[PDB]
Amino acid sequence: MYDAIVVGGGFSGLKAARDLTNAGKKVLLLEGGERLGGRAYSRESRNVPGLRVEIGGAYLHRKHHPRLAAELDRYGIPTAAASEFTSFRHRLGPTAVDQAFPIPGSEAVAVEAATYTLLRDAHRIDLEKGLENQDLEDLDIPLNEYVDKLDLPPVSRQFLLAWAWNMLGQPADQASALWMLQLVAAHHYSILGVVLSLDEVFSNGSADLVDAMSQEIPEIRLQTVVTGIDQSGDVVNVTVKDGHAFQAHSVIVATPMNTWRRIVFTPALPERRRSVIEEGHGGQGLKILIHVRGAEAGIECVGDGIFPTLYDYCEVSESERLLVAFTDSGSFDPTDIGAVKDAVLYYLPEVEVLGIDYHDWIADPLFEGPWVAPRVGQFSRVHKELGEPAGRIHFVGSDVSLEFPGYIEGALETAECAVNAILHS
């Protein structure tokens, strides 16, 4: 039996396990899959032999993501930007300008005013309290309704909606305004910052950091799916799909929120958590790597397409590239390549699609979703509580970060807190 069992071998689990180990605790890490890293998943391209790609989490910004920056410095892990953006091919209407910030002068006043309104609203959020504890319910409404009250002209309206679609992984009618404002608050109260945090990538893949961290973790079991966590006795018992149990004084749940509902907790989790847990969050983010021919380097496209964003990812050859598109899996079927072709040619009518690569995170039983985003009304009912301990079971992960939810940084942050909580008695 162990001081602590960590369930899940993403960045959160890995951090918690390593740090508890270095503190002299006896730790076991159980990972249900065949690999470590979770929603950070670098691997060989399905389309391009010998090419390493990120199929989940990839981007970081050292200034918004200091714990991650610390990890990188700690292990000497190189980063860079994946591409310079120099060619802008927007679909925002005839008055848009082809630049990174495509808003024309005739919209400037409208943007100014909306900027003030969004940031005012964002400043209502205190990041330590939880979204359900601050009288923020009036903001917990469908994003499209919120944006309708800003009454933006066409370019700025579509620009904001596109990036919101991209970033939340939900269409505007399903996204919560409060959640959009949450991401603005997490970026030091900045709208710009949300998109500007796409700043660098791992030069050798996320696996670089995953492997570094795992090297400091003495006991790991892969292919070990936790099905049960029972703290009815003096010591927590963790049952596993095989049926061969492990015991510890403390258990860290570092699996995705949308998979909690498949674990049997004993006793049952506190009742106010239960409904949201059963439902799951509404995240439907979809990231598609697109192998193309005839694309110039450095393309960025933002617009009103079924892909709100489409931008440069990497050089394959003199004539071939990968692009990345974001949409959501409720709106778009990535296995309909004809659809892919249509969505790309909308922005880039000269380009030929050669193929696509993605991971169906929502269909994967180890995840049941991409990154976190609430359904409308969820997190103004319960949010902080999701990542609070239930007796000796701690809940960590990006999904439950108050400080940086949906980011690698949030995984690290939450791990920090569980480790400290465990070290204090």
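Quick note: we count residues from 1 along the sequence shown, nothing fancier. If you superpose the two forms and keep the largest set of C-alpha atoms that fall within 1.5 Å, you have the rigid core.
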| query | finding |
| --- | --- |
| Farther-lying stretch by C-alpha RMS in 8 other deposited structures of this protein, rigid core as reference, of 105-113 and 82-90 | 82-90 |
| Divergent stretch in 8 other deposited structures of this protein, 394-402 or 58-66 [C-alpha RMS, superposed by the core] | 58-66 |
| Average Cα temperature factor in the PDB entry - higher stretch of 367-375, 46-54 | 46-54 |
| Between 164-172 and 208-216 (mean CA B-factor, as deposited), the higher | 208-216 |
| Per the PDB entry, maximal CA B factor within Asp333, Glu271, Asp304, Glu84 | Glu271 |
| Residue with highest C-alpha B-factor in the PDB entry, from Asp328, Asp242, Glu300, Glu132 | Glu132 |
| Within-chain third of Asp19 by Cα B-factor, per the entry | middle |
| Third of the chain's Cα B-factor distribution that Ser275 belongs to, per the entry | highest |
| Lowest, middle or highest third - CA B-factor, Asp360 | middle |
| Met1 CA temperature factor, ranked by third within the chain | highest |
| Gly387 CA temperature factor, ranked by third within the chain | middle |
